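The chain below stands alone and is given as C-alpha cells, in the form deposited in one PDB entry.
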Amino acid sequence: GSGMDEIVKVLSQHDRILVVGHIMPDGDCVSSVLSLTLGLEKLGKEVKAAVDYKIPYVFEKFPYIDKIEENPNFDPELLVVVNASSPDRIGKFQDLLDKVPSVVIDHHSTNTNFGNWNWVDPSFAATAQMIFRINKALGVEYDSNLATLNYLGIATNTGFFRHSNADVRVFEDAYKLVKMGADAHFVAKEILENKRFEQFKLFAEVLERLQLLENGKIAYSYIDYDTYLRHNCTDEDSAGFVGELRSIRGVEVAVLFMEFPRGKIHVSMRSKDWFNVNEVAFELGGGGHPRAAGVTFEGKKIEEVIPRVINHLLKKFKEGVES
C-alpha cells in the first residue's frame, strides 16, 4: 500500500477537500475528522467535514464540533475518508467514491483499501495518531484547540491509556499533544462523565442476564431491542458495557450481544490477558483486534446468534488453554 509520504503529497496537491468519517462516530472518528479538517484549513485549503450520522451528545462541547456536517453541499476535488474500514461505513458519502478521487487513512487492519490512495497502518492505536503525523508533515502549527481535538482519539481508542494498544508511541503522542495545549481533563470529563441515569438502569439489565462459563473465565450477557426501548436507550448508551464485564475478577473473555435496531445483533468481544477474540470474530464474519473484536448479524433472532457465537468461542477457548 501507499505510505504516509504519498498521502501527504496527494493532500498537498488538492485544495477543495471533503473529509468524511464513519457512521456511529466514536472519539477516534471525531478526532480524526476534525484534526485533519482543521490542519488542512490551516494550509489555506477549502475543506468541509462530514459524517452521515447524528453526532453523539458527548461531543457537543468540543471546539469546532459544528464543522462536522450531515449535509455538507460541497463538490470536492478530493474525498478523504478517515478511520472508516469499508465504504458501507460512510453512509451516503460512499456514492462519491465513484465520482471523486479518494484517499483512505486508517489504522484498522480490516480496511478494504477502497481509496485510490490508501495509507493503512495497524501499528497505530488510533487513526488520530496518523492524522497527527500527516499534519506535522504538511507544516501545520498546533494551537490548544487542535491539540485537544487530536488528543481525543488517542485517549478514547486506548480506553484512556488502559488497553493493550497503549504503547510507547501512544504515550509520546499524548505527551506532545498535552505539551502543545491539549486539555486532557476536558476530554475525560466530556467523554466519560456525561452518563445518563438510564444507562445505569440499562446496565442493571445486563447484570441480571449475565452468565459465566468455563470456571468463570467467560462472561456474556445481552440486551434485546425491547430492553433498549424500555429504558429510552440506543446502542450509544451501552458503549463501555462490555469492558465493564471484562473487569470482573477472573474473567478472560467478555461478550455482549446487542439487538439494535430490531433484528440487528451486534456482538462485542473483549479479552484480558491472552485470548485472541479477533480469530473468533473473523470466523463468524466480523473482525477486529486480538483483545477487542466484533461481529454483526442481520435478520436473526438473538436466540440463534447467542448459542452460535458462544459455541465458537468455547471451541477456541478450550484450544487456547491446552495450546
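One rule holds for the numbers: they count along the sequence shown, beginning at 1. Only the largest set of C-alpha atoms that superpose within 1.5 Å between the two forms is called the rigid core.
Omitted here: the form deposited in another entry. The next part is about that form.
With the core fitted between the shown form and the other one, just one of 138, 178, 97, 210 shows a Cα displacement of at least 2 Å, namely 97. The Cα position of residue 71 differs by 2 Å or more between the shown form and the other one after fitting on the rigid core. The Cα shift for residue 88 between the shown form and the other one, taken after rigid core superposition, is 2 angstroms or larger. Relative to the superposed rigid core, the position of the CA of residue 50 differs between the shown form and the other one by 2 Å or more.
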